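A short worksheet on the structure shown next.
Nothing in this text is a laboratory measurement; each read-out follows from the coordinates by a stated rule. Cβ coordinates were reconstructed from backbone atoms using ideal geometry, including for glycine residues, and neighbour counts include every protein chain displayed.
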Amino acid sequence: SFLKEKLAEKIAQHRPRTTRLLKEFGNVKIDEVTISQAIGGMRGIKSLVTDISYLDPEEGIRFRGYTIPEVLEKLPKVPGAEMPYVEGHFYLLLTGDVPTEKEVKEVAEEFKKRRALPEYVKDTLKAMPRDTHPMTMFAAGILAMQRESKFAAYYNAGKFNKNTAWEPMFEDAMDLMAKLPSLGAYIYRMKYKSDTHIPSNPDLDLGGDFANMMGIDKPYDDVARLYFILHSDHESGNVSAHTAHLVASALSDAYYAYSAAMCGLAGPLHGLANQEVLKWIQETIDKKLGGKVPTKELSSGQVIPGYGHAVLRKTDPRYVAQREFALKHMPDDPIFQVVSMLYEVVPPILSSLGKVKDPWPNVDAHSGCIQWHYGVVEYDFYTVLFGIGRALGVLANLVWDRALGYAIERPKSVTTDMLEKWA
Amino acid sequence: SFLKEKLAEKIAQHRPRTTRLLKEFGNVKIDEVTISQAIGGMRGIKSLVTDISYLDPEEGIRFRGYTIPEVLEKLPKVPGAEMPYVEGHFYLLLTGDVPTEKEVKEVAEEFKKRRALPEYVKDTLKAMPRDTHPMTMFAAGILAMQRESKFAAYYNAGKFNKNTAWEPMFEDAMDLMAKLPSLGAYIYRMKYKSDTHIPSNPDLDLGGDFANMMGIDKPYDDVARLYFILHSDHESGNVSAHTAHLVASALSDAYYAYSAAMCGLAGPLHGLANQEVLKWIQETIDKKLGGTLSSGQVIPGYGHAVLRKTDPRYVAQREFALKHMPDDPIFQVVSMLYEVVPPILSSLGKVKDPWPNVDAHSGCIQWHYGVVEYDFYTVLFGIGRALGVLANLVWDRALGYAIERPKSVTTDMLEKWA
């Protein structure tokens with residue numbers, strides 16, 4: 001039954017595997033590091049270990065072994081809706097199993113019990129000037145809830161033990177995951193919807209209650225459920241997941257670690273392409289066509305936004321599931337198409353006369369037409385949506401990093417004199 | 001001569017070197033990754049580049065080529081005190097040049113102009129529950145000041161340019177560094193000294209004003225100066241520095257980047273060893289010895305991970321203690337531990353760095369001067385570490401260092417390697 005008991009069974013079956021490759025295969029070589037890689041942000045160096053998800057350059061992301069069609073197919077659906085319980089995806093990332101209906105319900109019930117926001121989080125967000133960026137408010141909100149950390153309290157009481165430490169990390173992860181959508185919504189209401197608030201509906205699932213607190217009708221409940229699942233994890237080497245992993249490595253709790261992660265996610269080179277693409281599509285539609293649309297669509301120097309990726313070498317399956325959503329739900333939205341027609345024309349053109357390493361769209365090419373369609377026009381808030389989604393993966397990963405006793409992350413620096421001497 | 005113009009000259013000298021390394025020697029191998037190192041937190045992998053400082057395993061941290069004795073000897077001193085202007089250290093980290101008295105005075109004037117704490121920072125910290133840990137307050141306050149970021153308004157205004165991006169990063173670094181001591185002190189006063197406050201003295205230097213705002217008399221001004229300089233940087237691969245570096249590499253501003261860093265620095269394996277040493281010394285004084293052991297039990301303040309000999313930061317702290325508090329009981333145990341612990345640790349073989357690090361030594365100094373509030377010690381560390389981390393962010397942007405984005409593998413994939 002219990003998620004926690006189940007997670008403990010998988011931890012007991014996983015630890016020996018880690019012990020064995022440390023005992024017996026510690027020195028097997030896995031990759032090299034070149035100068036180019038040291039200077040250019042450890043690009044492509046195989047230096048991190050996670051089992052939550054794995055980023056294949058050719059296949060894109062798999063979550064616990066499964067592809068996106070598979071996860072979306074298999075996970076149990078919210079009654080009255082198209083999309084899975086986001087809570088069942090959390091169950092998957094934590095355990096490796098597809099939960100049954102009985103199992104998802106338990107996680108939905110436990111989220112219903114933990115989802116309420118502390119008042120002082122709202123106080124803290126009111127004392128922060130209202131013109132503060134929404135990601136700053138989001139990061140701050142998570143950070144203030146550090147006061148509640150069971151992991152920090154268990155550590156402070158002297159009770160730390162490398163076999164048990166995953167347990168209060170789990171408890172924090174459940175508390176935080178349950179609350180993040182309500183935090184995001186509070187920020188949305190308070191910045192953009194006249195500071196009027198819609199109370200939590202204690203009968204809704206995570207994604208449904210999110211749509212509810214946001215003030216947005218059906219089928220935005222499904223848009224969110226899908227959005228969050230697709231952004232749940234992109235292995236551990238992306239900036240935000242890696243930041244949480246890194247901070248967590250020092251035994252900082254999930255509140256510290258996830259707040260830090262949102263600081264990295266806020267970066268223009270990680271959290272902004274959804275909005276940067278949407279803006280570029282609307283500015284193209286308005287100035288470089290009439291309203292219009294049709295055929296005949298770089299070389300003067302500018303990139304196509306939302307095409308390319310540091311690790312993806314083919315089409316993002318996160319992108320493809322958003323395409324399937326828009327086809328079903330908003331065929332004739334003008335900004336979808338343009339999106340659709342960019343899917344057609346851009347990849348030949350980027351390849352046919354090449355130089356980019358991944359022609360092919362990433363999800364950020366597709367996410368903003370869908371949000372914009374349903375009246376989420378507040379560009380800056382898109383990255384908060386990403387932060388809520390990504391915690392599903394990141395906090396799973398932190399429970400696991402503690403479960404397996406992963407060591408403090410601490411590579412070695414060299415100087416440019418040293419690199420110059422190498423030559 | 002102006003700091004910014006000298007930094008500009010330094011950047012223009014340095015850039016072509018980085019450029020030539022990538023164009024001509026891109027593929028020169030510098031290291032290996034093993035299964036052990038992927039699982040063991042990248043231990044030993046040479047995968048980061050910084051010039052602010054370099055941690056040498058044997059004879060330890062160097063700041064822009066200089067040792068700690070060299071830095072403490074050469075930097076201009078605050079008129080009438082023992083220790084350097086912290087601002088001169090900052091100048092050194094940013095430029096590579098030891099400032100003259102005239103150059104440090106210009107940095108100190110700039111710091112006095114940028115020192116003031118936004119009143120909404122105070123509002124934010126009072127809305128936070130007063131029982132909040134001072135590190136959480138510290139990171140929240142930095143984070144809230146993200147509203148003021150010149151780098152972020154620069155980015156948002158469409159003005160990002162690869163050559164010029166360091167400029168607004170520099171302006172943020174000066175703003176934040178000038179404020180961190182004041183943010184620190186305000187946390188100290190609001191939490192532990194009855195929420196009564198001592199105003200900034202506009203004629204004092206960074207370290208002197210910090211001790212003034214803390215409410216602690218001379219020579220805590222020199223304690224602080226020394227503390228901050230010693231804690232200023234430990235190359236870029238420590239958790240706090242690396243966190244900043246990582247976050248900034250996605251072109252997040254310094255406020256986001258340094259707040260993230262303090263989330264790292266608050267971890268028990270990173271910012272707590274000062275306090276853990278002190279507590280363990282005070283327990284050992286009281287109940288275990290009024291006024292060796294093998295089993296279980298680690299000796300706090302003695303390992304490292306990169307250091308394999310005596311940390312020179314520990315040595316600098318010791319030389320301050322020998323001078324100002326020779327017969328402080330707690331410092332006498334610390335001194336006795338430096339004699340007795342290393343022989344016992346090295347010959348007996350378990351720990352790879354059988355020697356003190358600076359966390360063995362910082363607590364007795366702070367406790368001696370009336371800073372009894374253990375949790376606050378990490379805030380001190382955070383104030384100081386900003387000196388090298390912010391200088392490192394300016395340079396990361398000056399040199400166009402790309403998004404940090406390593407590749408993950410699974411345990412199935414590691415098992416396949418065999």
Handout entry: Options A:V399, A:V384, A:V394: the member that is in contact with a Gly (Cβ under 6 Å, 6 or more places away or on another chain), more than 12 Å from chain B (Cβ to nearest Cβ) and either crowded, with 24+ Cβ neighbours inside 10 Å or closer than 17 Å to A:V247 by Cβ (or both)
Key = A:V384
Practice task
Tell me, please, whether a residue that is of a type in the set (S, T, Y), under 30 Å from B:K352 (Cβ atoms) and not in a helix (DSSP H, G or I) can be found in region B:57-70.
Solution key: yes
Handout entry: Restricting region A:269-319 to residues that are among the acidic types (D, E) and assigned to a helix (DSSP H, G or I), the residue that is surrounded by the most Cβ atoms within 10 Å (Cβ to Cβ)
Key = A:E276
Practice task
State yes or no: is B:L48 more than 9 Å from chain A (Cβ to nearest Cβ) and hydrophobic (A, V, I, L, M, F, W, C)?
Solution key: no
Problem - Enumeration of residues in region B:156-202 that are acidic (D, E), farther than 12 Å from B:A116 by Cα and within 25 Å of the chain's Cα centre (by Cα) - result: B:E167, B:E171, B:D172
Completion exercise
Screening A:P69, A:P129, A:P57, A:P84 for residues that are within 30 Å of B:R130 (Cβ to Cβ) and of a type outside the set (V, I, T) leaves only A:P129
Exercise for the section: Tell me, please, whether a residue that is closer than 29 Å to A:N362 by Cα and either in a helix (DSSP H, G or I) or not basic (K, R) (or both) can be found in region A:193-201. Expected result: no
Problem - Tally of residues being surrounded by 22 or more Cβ atoms within 10 Å (Cβ to Cβ) and either within 20 Å of B:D131 (Cα to Cα) or touching a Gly at 6+ places or on another chain (Cβ under 6 Å) (or both) across region B:154-181 - result: 0
Fill in the blank from the handout: Subset of region A:40-56, residues on the phi < 0 side of the Ramachandran plot, surrounded by fewer than 23 Cβ atoms within 10 Å (Cβ to Cβ) and not in a strand (DSSP E or B), comes to A:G40, A:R43
Fill in the blank from the handout: Of (1) facing chain A (nearest Cβ under 7 Å); (2) surrounded by fewer than 18 Cβ atoms within 10 Å (Cβ to Cβ); (3) part of a loop (DSSP other than H, G, I, E, B), B:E32 satisfies every one except (3)
Completion exercise
Cβ pairs under 6 Å, 6+ apart or interchain, first in region B:362-391 and farther than 18 Å from B:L278 by Cβ, second part of a loop (DSSP other than H, G, I, E, B), ordered by first then second residue, are B:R385/B:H231; B:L387/B:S232; B:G388/B:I52; B:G388/B:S232; B:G388/B:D233; B:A391/B:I52
Exercise for the section: Filter region A:405-416 down to residues that are surrounded by fewer than 23 Cβ atoms within 10 Å (Cβ to Cβ), more than 15 Å from B:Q37 (Cβ to Cβ) and either more than 7 Å from chain B (Cβ to nearest Cβ) or touching a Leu at 6+ places or on another chain (Cβ under 8 Å) (or both), then give me how many there are. Expected result: 2
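If we only count helices (runs of 4 or more DSSP H) wholly inside region B:79-163, which ones have 1 or more residues that are over 23 Å from B:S249 (Cβ atoms) and more than 14 Å from chain A (Cβ to nearest Cβ)?
B:86-95, B:101-113
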